[PDB]
Undergrad: 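Sharing a structure below in structure tokens format, with a few things to ask.
What you see below is based on every heavy atom in this structure, not just the backbone, and it leaves out hydrogens, waters and symmetry mates. In listed order, ligands and their atoms are each counted from 1. By convention in this document, chain letters (A, B, ...) are assigned in the order of the sequence lines, proteins followed by strands, and residues within each chain are numbered from 1.
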There are 2 protein chains.
Amino acid sequence: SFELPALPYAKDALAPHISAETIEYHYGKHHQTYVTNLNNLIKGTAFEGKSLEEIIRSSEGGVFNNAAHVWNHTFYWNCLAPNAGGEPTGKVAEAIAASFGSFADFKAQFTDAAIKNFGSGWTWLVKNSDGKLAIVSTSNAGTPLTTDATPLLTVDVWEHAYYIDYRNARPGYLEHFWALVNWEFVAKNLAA
Amino acid sequence: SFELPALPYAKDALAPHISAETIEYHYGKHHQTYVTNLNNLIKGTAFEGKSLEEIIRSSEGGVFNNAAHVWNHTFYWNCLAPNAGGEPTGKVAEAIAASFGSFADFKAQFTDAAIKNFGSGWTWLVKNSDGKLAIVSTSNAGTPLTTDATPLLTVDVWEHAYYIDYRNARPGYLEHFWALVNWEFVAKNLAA
Ligand SMILES: [Fe+3]
Ligand SMILES: [Fe+3]
């Protein structure tokens, strides 16, 4: 039985970038529901004893949608943090500069892809199997886990992720997303 | 040059089922933006001068997404109305009963499909080339116009259509949607 991992911080820790109200709905209702959905769908199936990643790589339809959504959201919450954001340093900074030229270029490209992601979806910074970094976007519950690329950072662009706080202004949401990036988590993802 | 058609009723005419704030954003900002996006994208091209339908039936990428979105939204605004909703009578009532057995059955199935539509999309009631009615759903900006089916009724299930008024409660949104259905429009679409 899967459970909703506890948020990594206080419900109001991401304010004003992401409100406590958005956390209440996005984490407390949406994410929670995906967990319940998954448990319901895999009950009595061969998926029961499998890890989240394992189910994501061997399922389709509702099972896949909910499994991928549970994983994507948990990853998303860890990509955010209070007293973070800004420009990265250390290994992450070097890696980003090596693949995109500079952080500024990376940022613009990431923001552009996230804003251009049509409909519901996710935009990611990944580390390809060849060690190089790249920006890719997925639709709906899609995830880089079904490929050989390693997710390092993500932004949820389903409208529920920002409508309470930004309405249709996805660009404003992205702007504030940058002020919340947990580069420590990104570094851990990169060094793994 | 395409323009945003005027709303068929006052901004607060659909309340409390759909708020004036939702119209302010959904119609005033979202819809308006697809219109501008479309004009910018086709200026100086062979699409300039064509009708929405013609562009929708001969484009792809951003031109299609916006042309389809403009058409879909104007159609949606016409599917709603104050002092309407309820159960239909006349031609629409007969057609629905003939294809679904009873309005009750139709209503349940249309609602189910709309709630199941994963991600952003639209759920429609259409009349196939054989004259029979059917319920079909499209993703993102997809529309029945790219098929041989004739759209009769539609419900927008992109989260921006209901998040302000219902947050994650799409079922509640659908409940109130029925209270707004403009059967006069549906009848006009059916008899065309
Ligand atoms: Fe989400
Ligand atoms: Fe819409």
Undergrad: Using the test side chain to side chain contact (heavy atoms under 4.5 Å, CB included), find all partners of A/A113 that sit at least two apart in sequence or belong to another chain.
TA: A/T123, A/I135, A/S137
Undergrad: Once you measure the plane-to-plane angle for A/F106 and A/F103, does it fall in the parallel (<30°), tilted (30-60°) or perpendicular (>60°) bin?
TA: tilted
Undergrad: Tell me whether B/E87 at atom CD has more than 12 heavy atoms from other residues, nucleotides or ligands lying less than 6.0 Å away.
TA: no
Undergrad: According to the interplanar angle, ranging from 0 to 90°, do the rings of A/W122 and A/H73 count as parallel (below 30°), tilted (30 to 60°) or perpendicular (above 60°)?
TA: perpendicular
Undergrad: I'd like a table of donor-acceptor pairs (distance under 3.5 Å, sequence neighbours excluded) in which one partner is a side-chain atom from residues 172-179 of chain B, with atom names and distances.
TA:
{"residue": "B/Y173", "atom": "OH", "partner": "B/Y76", "partner atom": "OH", "Å": "2.8"}
{"residue": "B/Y173", "atom": "OH", "partner": "B/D156", "partner atom": "O", "Å": "2.7"}
{"residue": "B/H176", "atom": "ND1", "partner": "B/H17", "partner atom": "ND1", "Å": "3.0"}
{"residue": "B/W178", "atom": "NE1", "partner": "B/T111", "partner atom": "OG1", "Å": "3.0"}

Undergrad: Which protein N, O or S atoms lie under 2.8 Å from the Fe ion (ligand 1)?
TA: A/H26 NE2, A/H73 NE2, A/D156 OD2, A/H160 NE2
Undergrad: Not counting sequence neighbours, list each pair that qualifies as a side chain to side chain donor-acceptor pair (under 3.5 Å) and has a residue in residues 143-154 of chain A.
TA: A/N72-A/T143
